[PDB]
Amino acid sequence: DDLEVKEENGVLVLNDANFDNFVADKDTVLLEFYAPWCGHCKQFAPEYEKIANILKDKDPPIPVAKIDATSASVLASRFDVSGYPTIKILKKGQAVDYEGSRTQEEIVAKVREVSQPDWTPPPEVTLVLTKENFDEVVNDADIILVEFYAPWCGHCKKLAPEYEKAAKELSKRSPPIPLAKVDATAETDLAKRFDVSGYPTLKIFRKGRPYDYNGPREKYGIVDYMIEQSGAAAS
């Protein structure tokens, strides 16, 4: 957890202590999460070094970094890293999953694609609420689940992906069931209104009235709770 960002063969070394300092002003960063004891990480290491050197030499350069997930537990938690090597591209501070091959040609091409100023992530099914539209959305929905989250909160990240997955399955229903989220650190006035004092905080709204959500936080369970609570008890 040293403050210094060292470079090892062209590749920056990031850890729980220096990660935010380093990435906060970078539009695009390539990340590798590895474990010291992983043979496949060791085999990939020279290829990742070649990638770092290719991306350093384009105009403008794109930083390439590695993280030891076994000692950077906070980061591995934030990025929901379970297996190695895991590659991610950080674009304006948000993680994009890389599921392709561990080759220079594919990784460099994808990095260059996401680095483009007009590149956008796939749109998400989950509704974004702010003080401007919160009431209009919530009051018109027969039932709606709302997650109040803080971007700074590490323990939350493990199941943030499950929430989007649940939202996608629930939107394909007749009638569709909406899931929404509220960034409580940005939306301080909504957070106070609903007495948000900790995270995650999930609330079900039924005809505009809030109820604490005490269901499960895994995809299948969120989907089932919501289906059953909407009036399909046998489903």
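Numbers for residues come from their place in the sequence shown, where the first is 1.
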query	finding
Mean temperature factor over C-alpha atoms, higher-scoring stretch between 120-128 and 103-111	120-128
Segment of higher mean CA temperature factor, 83-91 or 154-162	154-162
Deposited CA B-factor, highest of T70, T28, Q43, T188	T188
Deposited CA B-factor, highest of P63, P175, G39, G208	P175
Ranked against its chain, the third holding the CA B-factor of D59	highest
Ranked C-alpha temperature factor of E7 among modelled chain residues, by third	middle
Assigned third (lowest, middle, highest) for the C-alpha B factor of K192	highest
Record-listed C-alpha B factor of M226: chain third	middle
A167 CA temperature factor, ranked by third within the chain	middle
